[PDB]
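Protein chains in written order, with this note's numbering: chain A, 1 to 141; chain B, 1001 to 1143; chain C, 2001 to 2141; chain D, 3001 to 3140. Note that the Cβ used here is the ideal one computed from N, Cα and C, for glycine as well. Okay, so here's the structure we're looking at.
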Amino acid sequence: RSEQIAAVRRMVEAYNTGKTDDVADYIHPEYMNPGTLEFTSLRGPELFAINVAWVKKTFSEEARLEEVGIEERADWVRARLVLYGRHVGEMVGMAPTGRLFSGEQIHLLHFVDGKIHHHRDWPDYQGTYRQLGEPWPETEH
Amino acid sequence: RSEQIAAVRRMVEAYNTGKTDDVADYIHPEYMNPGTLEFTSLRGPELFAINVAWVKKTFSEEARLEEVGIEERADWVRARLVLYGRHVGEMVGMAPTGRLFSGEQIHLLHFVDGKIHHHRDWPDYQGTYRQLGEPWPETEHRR
Amino acid sequence: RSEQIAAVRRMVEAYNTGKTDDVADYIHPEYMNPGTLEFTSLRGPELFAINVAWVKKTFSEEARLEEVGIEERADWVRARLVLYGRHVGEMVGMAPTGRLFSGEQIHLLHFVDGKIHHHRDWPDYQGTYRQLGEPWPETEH
Amino acid sequence: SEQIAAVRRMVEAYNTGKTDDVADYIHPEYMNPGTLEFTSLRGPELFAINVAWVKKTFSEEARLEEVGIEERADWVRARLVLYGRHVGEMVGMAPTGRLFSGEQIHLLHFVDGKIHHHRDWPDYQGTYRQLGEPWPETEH
Ligand SMILES: COC(=O)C1=C(C)CC(=O)c2c1cc1c(c2O)C(=O)c2c(O)cccc2C1=O
Ligand SMILES: COC(=O)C1=C(C)CC(=O)c2c1cc1c(c2O)C(=O)c2c(O)cccc2C1=O
Ligand SMILES: COC(=O)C1=C(C)CC(=O)c2c1cc1c(c2O)C(=O)c2c(O)cccc2C1=O
Ligand SMILES: COC(=O)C1=C(C)CC(=O)c2c1cc1c(c2O)C(=O)c2c(O)cccc2C1=O
């Protein structure tokens, strides 16, 4: 049994259920995901929770993250996942298309003090953009 | 309106419903899809109905092709679709993985005599293979 | 003859030659690429120039960006490009892998005052990472 | 591993275009079902015409780079990347002259110490995108 992989699976489950009441259990106070720096200055459990909320709002309550595979090496965990969603919310200046999409993701997680301390994630931006009909942005904001 | 695009949409719906009673309406008697040459020597509506049945049996009755976009140029149609399924039957000598998957597909269809005459399709093999957990074949035959 | 497309082509050639002396001609003073917020607080011609220099340093002097196609819609340009390189510098806490790679990219450019004002780009992260041999990070930094 | 060594020679053959010695590692009953549309050949002769077709269509400078290779019993799985330039006719599409690069997965079955079954999955969609998504001029 890996506590690290268990913790990462709790993180995946949060995106699925949208339930983040217990996020402080597994998200470090100093948690950072550099991928959302454009959108927020938050850190820690608050940052992770708001990103979950963003996924649920932009990609619908039916948005799911399926596990392909998870592995670990020392204090790091790598997760191979697949996002399923429907584009119901505005995203980087693009109006909702209402279109279904699915895309692989890779997530890289560093543990510090038994908690997720750094989180990088790579969506399949181009593949998702294609499935969304390659919308033109209506603004840069 | 385009009759060709309409015919390609009927083709897509046949994969989705598994209903193939009427395939002779839009599939040419000389219909060929070179992608299944390995598995069968069939042609025409017969080939198409078998391939539909293969999809339903292998990727489950819930297997679905969603339309992203379809364009046409003269007697040719190009469809951008996404396949969704669960791997529940043997395929190319790999045992069922039970794995959900989804992958974009490009289809190229040539119309002749008002019917789909040639059909090339490109699954996202590698993308799907990853989602299946990259299974090793148990055999190069049937099994 | 689109001046916007010509400007985006000069931008592409900059990554190719590594020459940034003239970037003020086509990069807006308030130019932003949100993709590099993790790495730098720079803006304008200076931000664009350091990012080109980053590419040449990390993906080698031989790194090339190839044009597949470029379209425009009003004050916006969308470029379909392909990056070729070899991973020779540190990148997000990963040691250099020395690996060749190539990945499609989508770039979205907003023009203001006849210069590039906003720039978003989507590398094929997962495809590239596979070609890199999927390295584990040595640090989060 | 002699199997991995044999698969590396196979990869080298695409790179050099040199097919003189393919009978060394290609089984007399060698099949690649991906080319059934284009030829009825089998064995070393099939493998050799497929390498020639690659050199002809994707240029003499076309090459396969290795990402990783692994094996399980009598099977080898090779993760590769094709680099090429589209200079020859291909499934009814005229040469675009365009550069492209795409990952491939190859699955090889060994029988009697030689490559007997060969399946390969190009990144068709990604390559097609890099080629400008040309429309075919003919089905044949
Ligand atoms: C035009 O859409 C995107 O930029 C996009 C695409 C194509 C694919 C994706 O998977 C995401 C986004 C954008 C995006 C997020 C995506 O996953 C995201 O998770 C995301 C987030 O988790 C928090 C704030 C903003 C976000 C985004 O703007
Ligand atoms: C091991 O998996 C495959 O070969 C495969 C993958 C990775 C992705 C795919 O989309 C397909 C297949 C195999 C396959 C078919 C796929 O779509 C298919 O439609 C298919 C078919 O329609 C009729 C006979 C055989 C078939 C296959 O062997
Ligand atoms: C581990 O690799 C990456 O993070 C990465 C990958 C997989 C693919 C890519 O294309 C890029 C990066 C990272 C990266 C940049 C990539 O293109 C980049 O352009 C980049 C940059 O232009 C300026 C600062 C940092 C950068 C990066 O960290
Ligand atoms: C329109 O392009 C293709 O069909 C194609 C694409 C998009 C990507 C590819 O990698 C290949 C082909 C076509 C193709 C081969 C590709 O790799 C190939 O190796 C190939 C071959 O090895 C022998 C005969 C025909 C072949 C092809 O028609």
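Cβ-Cβ distance between residue i and residue j below 8 Å
{"i": "residue 2144 of chain C", "j": "residue 2110 of chain C", "result": "The structure shown does not extend to residue 2144 of chain C, since chain C is modelled only from 2001 through 2141, so no value can be given for it."}
{"i": "residue 3117 of chain D", "j": "residue 3106 of chain D", "result": "no"}
{"i": "residue 2116 of chain C", "j": "residue 2007 of chain C", "result": "yes"}
{"i": "residue 3077 of chain D", "j": "residue 3067 of chain D", "result": "no"}
{"i": "residue 1090 of chain B", "j": "residue 1143 of chain B", "result": "yes"}
One or two residues paired with residue i in a DSSP bridge
{"i": "residue 2110 of chain C", "result": "C:2076, C:2118"}
{"i": "residue 2069 of chain C", "result": "C:2080"}
{"i": "residue 123 of chain A", "result": "A:105"}
{"i": "residue 3093 of chain D", "result": "D:3090"}
{"i": "residue 100 of chain A", "result": "A:86"}
{"i": "residue 1027 of chain B", "result": "B:1116"}
{"i": "residue 1010 of chain B", "result": "The partner list for residue 1010 of chain B (beta bridge, DSSP) is empty, contrary to what the question assumes."}
{"i": "residue 145 of chain A", "result": "What is shown of chain A runs 1 to 141, which leaves residue 145 of chain A out entirely."}
{"i": "residue 3063 of chain D", "result": "D:3083"}
Whole-angstrom distance between residue j and residue i, CA atom to CA atom
{"i": "residue 3026 of chain D", "j": "residue 3043 of chain D", "result": "6 Å"}
{"i": "residue 1098 of chain B", "j": "residue 1083 of chain B", "result": "16 Å"}
{"i": "residue 2086 of chain C", "j": "residue 3134 of chain D", "result": "29 Å"}
{"i": "residue 2073 of chain C", "j": "residue 3046 of chain D", "result": "49 Å"}
{"i": "residue 2095 of chain C", "j": "residue 2038 of chain C", "result": "18 Å"}
{"i": "residue 3065 of chain D", "j": "residue 2104 of chain C", "result": "17 Å"}
{"i": "residue 3035 of chain D", "j": "residue 3131 of chain D", "result": "21 Å"}
{"i": "residue 60 of chain A", "j": "residue 88 of chain A", "result": "6 Å"}
{"i": "residue 1051 of chain B", "j": "residue 114 of chain A", "result": "51 Å"}
{"i": "residue 1102 of chain B", "j": "residue 1031 of chain B", "result": "27 Å"}
{"i": "residue 15 of chain A", "j": "residue 123 of chain A", "result": "14 Å"}
{"i": "residue 1137 of chain B", "j": "residue 3033 of chain D", "result": "15 Å"}
{"i": "residue 2019 of chain C", "j": "residue 2062 of chain C", "result": "13 Å"}
{"i": "residue 3041 of chain D", "j": "residue 1093 of chain B", "result": "22 Å"}
{"i": "residue 71 of chain A", "j": "residue 2 of chain A", "result": "10 Å"}
{"i": "residue 2010 of chain C", "j": "residue 2058 of chain C", "result": "21 Å"}
{"i": "residue 29 of chain A", "j": "residue 1141 of chain B", "result": "55 Å"}
{"i": "residue 112 of chain A", "j": "residue 2128 of chain C", "result": "27 Å"}
{"i": "residue 2005 of chain C", "j": "residue 2049 of chain C", "result": "19 Å"}
{"i": "residue 1040 of chain B", "j": "residue 3039 of chain D", "result": "16 Å"}
{"i": "residue 2013 of chain C", "j": "residue 3099 of chain D", "result": "17 Å"}
{"i": "residue 17 of chain A", "j": "residue 1121 of chain B", "result": "36 Å"}
Short-range partners of chain C found in the segment 58 to 80 of chain A, where Cβ spacing is below 7 Å: 73, 76
The segment 2087 to 2106 of chain C: which residues have C-beta closer than 7 Å to a C-beta of chain D, in chain order? Residues of the segment 2087 to 2106 of chain C with a C-beta less than 7 Å from any C-beta of chain D: 2100, 2102, 2104, listed in chain order.
Between the segment 3021 to 3044 of chain D and chain B, which residues of the former have CB atoms less than 7 Å from a CB of the latter, in chain order? 3033, 3036, 3037
Going along the segment 1120 to 1138 of chain B in order, which residues come within less than 8 Å of chain A, judged by CB to CB distance? For the segment 1120 to 1138 of chain B, which is checked against every Cβ of chain A, the residues closer than 8 Å are 1127, 1130, 1131, 1133.
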